[PDB]
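To keep things simple, chains are lettered A, B, C and D as they appear, and every chain counts its residues starting from 1.
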Amino acid sequence: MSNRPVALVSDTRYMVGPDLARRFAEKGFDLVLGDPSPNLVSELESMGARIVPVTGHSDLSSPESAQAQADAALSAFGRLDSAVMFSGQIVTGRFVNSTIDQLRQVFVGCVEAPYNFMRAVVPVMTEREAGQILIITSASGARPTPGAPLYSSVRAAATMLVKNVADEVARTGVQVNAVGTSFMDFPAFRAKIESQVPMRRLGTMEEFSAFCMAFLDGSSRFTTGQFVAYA
Amino acid sequence: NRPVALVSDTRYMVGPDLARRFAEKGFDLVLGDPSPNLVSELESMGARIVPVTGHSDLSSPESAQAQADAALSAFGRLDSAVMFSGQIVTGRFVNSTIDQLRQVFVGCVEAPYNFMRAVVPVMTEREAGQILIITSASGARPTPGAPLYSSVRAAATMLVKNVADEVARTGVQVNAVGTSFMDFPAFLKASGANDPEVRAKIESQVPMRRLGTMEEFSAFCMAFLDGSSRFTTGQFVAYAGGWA
Amino acid sequence: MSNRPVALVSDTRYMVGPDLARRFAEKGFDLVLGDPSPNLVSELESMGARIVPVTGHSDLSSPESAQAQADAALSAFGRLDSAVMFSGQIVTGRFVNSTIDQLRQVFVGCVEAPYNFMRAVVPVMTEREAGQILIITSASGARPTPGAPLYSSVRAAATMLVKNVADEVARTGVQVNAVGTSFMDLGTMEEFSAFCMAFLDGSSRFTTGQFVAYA
Amino acid sequence: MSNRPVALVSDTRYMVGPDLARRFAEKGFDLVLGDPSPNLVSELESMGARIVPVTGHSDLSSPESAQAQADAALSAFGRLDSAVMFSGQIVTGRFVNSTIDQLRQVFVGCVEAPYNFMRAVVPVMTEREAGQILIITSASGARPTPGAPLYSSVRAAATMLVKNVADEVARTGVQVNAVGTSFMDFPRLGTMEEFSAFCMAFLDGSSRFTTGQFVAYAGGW
């Protein structure tokens, strides 16, 4: 229905959200954005993108929230080519001081949210036989993370979920990938934050959005089921 | 005195055989819901048996704590602890529901969490212990037909590795064995697990095409539970005919 | 040094080599190229790139060939910002019918060649505290590959070598990554080169020690 | 042709070699041993195990050395049920100071030796439709090792080779596994006897349905 490709940025209030939208607009995408600010909307429109804001669902807490975002792309543009989300709030503390309630808390943010996003977006894309999905996550799930054992465990489920979804839809030509970043390990999202990461360097939000475009901008279609640790 | 082993569930699958292997090696036992026949057989092998009834599902922190407390109350020590858990749910991801995801998370992650949350503090206090979490091998790689189950099984294995890393300095070992024996139908007793029609469905999914007996499986588990070797920790070992 | 970034494409005779050069020329790089054709050189110069052809060293069979390519970048431009190679030829057959000669053969192309490339390029980049290296390989090393057991094994050594090198030079800001593709053993070469630019075009830093499979 | 199960311990001169043979003799195995000392032979014979010494081939440097050890089991007993080897010597130094000759050197000990062993033993076991092979290695392959980057890279090839061999022959009933130990890194650890007891889980016939596994045993450096 729409000649221009359509990208869904699930949340544009925080972290790399605004910069993803900027990169998408630079590459000729129209946009469905979770709770964008008025100045962000005007800025993207000055870059030539048509913007459809979706308000009130950027936390992706329910199956309905993700479906509302996917439905907004279909109603406005009739297509959904790219979709990206980030989620999850770190909880720290030794395993022997932890509680089952904390485990459920991180499971909700780290697993239920990517699950809901992909459950809504993947069927839209498989029917069109094209699509790129990026799940932005932590790298804590790749290996034991001292001080965040519960968080590391559920992040591992999220990455394996992405790999399972990708394997199931690989024949469709839909791509599903995950990128892990230290941006997701700090509740804010700089001196104190950098001191927690090994090399003491995060890079810029703009650089992060540029890297993410390798999995979202339509320039190549054969990477799927990958987890990449960024920076 | 005799070393003490907790077998969280002896109602199904490899539960009884784990108890047998421990009893053969001179362990006293805390067992979840053992049948009278199993108790008498284990007592003839020389083990003193402490049954814990009603907590074998590990559905609550209180259930796991009850099993750990029974070891301390009866024997004053807890040397080895093993549990198995989780029920496979099948179906393609695009047809799945959030409730199914939550369902498999409870059996595959919450149950091992509760078990280790109770058992690990007991063992670090004594500066010695072997814990084995028996799980599926589905978490190792994408599993066609069980994507949600595979995802949460991966959380369970990473949880084990995180716990193992945290307590590695304490002398406590925490390992995971993933097996197709965990992908069987639910609530299967010994005769059902050994039924040839049931076995053929699982054996067809492993590259070795054969699972072996549960007795052989329990013998392999003793390498992580019988006290014969120490320090190996944070390992995920597949006993699944080569699937992982 | 030159004020323009410099990319080394180790072999432009086959596969994605020419398209990698095209992407670099579009993105503001000057180029050091292994054995380019006259037509490729002329095309790239029409795109505004300065080209330094290196003749005879694209096999990376010796440390000296890899060093010659790195040395050519420094002599012409005084800098080397990006470096990419591909190597390895699939060897098939059941393990029980294989020979030690085949194992040694696959090790040369899959491991010795990336070793030689990184041994030459990494010291040049660590001195400048900046650089992006991409090793293009197979995806066979990630898991057992039926019919190619020896090839799969040495490919795993190549990926672990990339990870070890990346860890070693991470403090300098140099990035070292691997992309594994069935091209080494679909879509267009142009699409594949576009993906490779995420690890080579300077648009983001720090990402290092990653193995990404490009199906 | 011989009733007792038969185990090949490729090298009994160093490390866990002797303790592996002791465990096998305790489990009722007859033994083919690489360069056993006279005291070791007598001790194992006192355990009841029949012992066939193989001299001069324990380095597994050539395909013929590995084949000779497998041939010795078949000639003496007509069967080969279990086979275990260890190999490889750490090389240390920064990657930027390393040489291609060092890479080739570690490849020989870490990859060529297990290759030769498996290439000789696997066909013996597959014809039988039964067998257990254990490759004892380092855990350096699993993750980058800053001290020994070349060594870590080739150890990863050794573990992937084991996984590929296991996958190829999984249907035959032959199992092939790898155990990594810091005992392999010399120029907590636990005792050698404890290590050999753990190794029996993949070699004593008590379980036969695990293949393609890499297990890091113990910890320490």
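To be clear about the criterion, a contact is a pair of C-beta atoms (placed from the backbone, for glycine too) under 8 Å apart; a residue touches a chain by one contact, two chains touch by 3 or more.
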{"item": "Smallest count of steps, each to a touching chain, taking chain A to chain D", "value": "2"}
{"item": "Which of B-D and A-C has more C-beta contact pairs", "value": "B-D"}
{"item": "CA centroid of chain B to CA centroid of chain D, Å", "value": "30"}
{"item": "Centre-of-Cα separation between chain C and chain B, whole angstrom", "value": "46"}
{"item": "Separation of mean Cα positions, chain B and chain A [Å, integer]", "value": "35"}
{"item": "Interface hub residues of chain B, defined as touching at least two other chains", "value": "141, 234"}
{"item": "Touch-based graph of the chains, sorted into line, ring, star, complete or other", "value": "ring"}
{"item": "All touching chain pairs, where touch follows the definition stated at the start", "value": "A-B, A-C, B-D, C-D"}
{"item": "Chain D-touching residues of chain B, taken from the complex the two chains share", "value": "168, 207-212, 216-217, 219-220, 223, 228-235, 237-242, 244"}
{"item": "Touch list for chain D against partner chain C, complex", "value": "63, 94-96, 98-100, 103-104, 107, 111-112, 115-116, 118-119, 122-123, 126, 141, 143-146, 149-150, 152-161, 163-169, 212"}
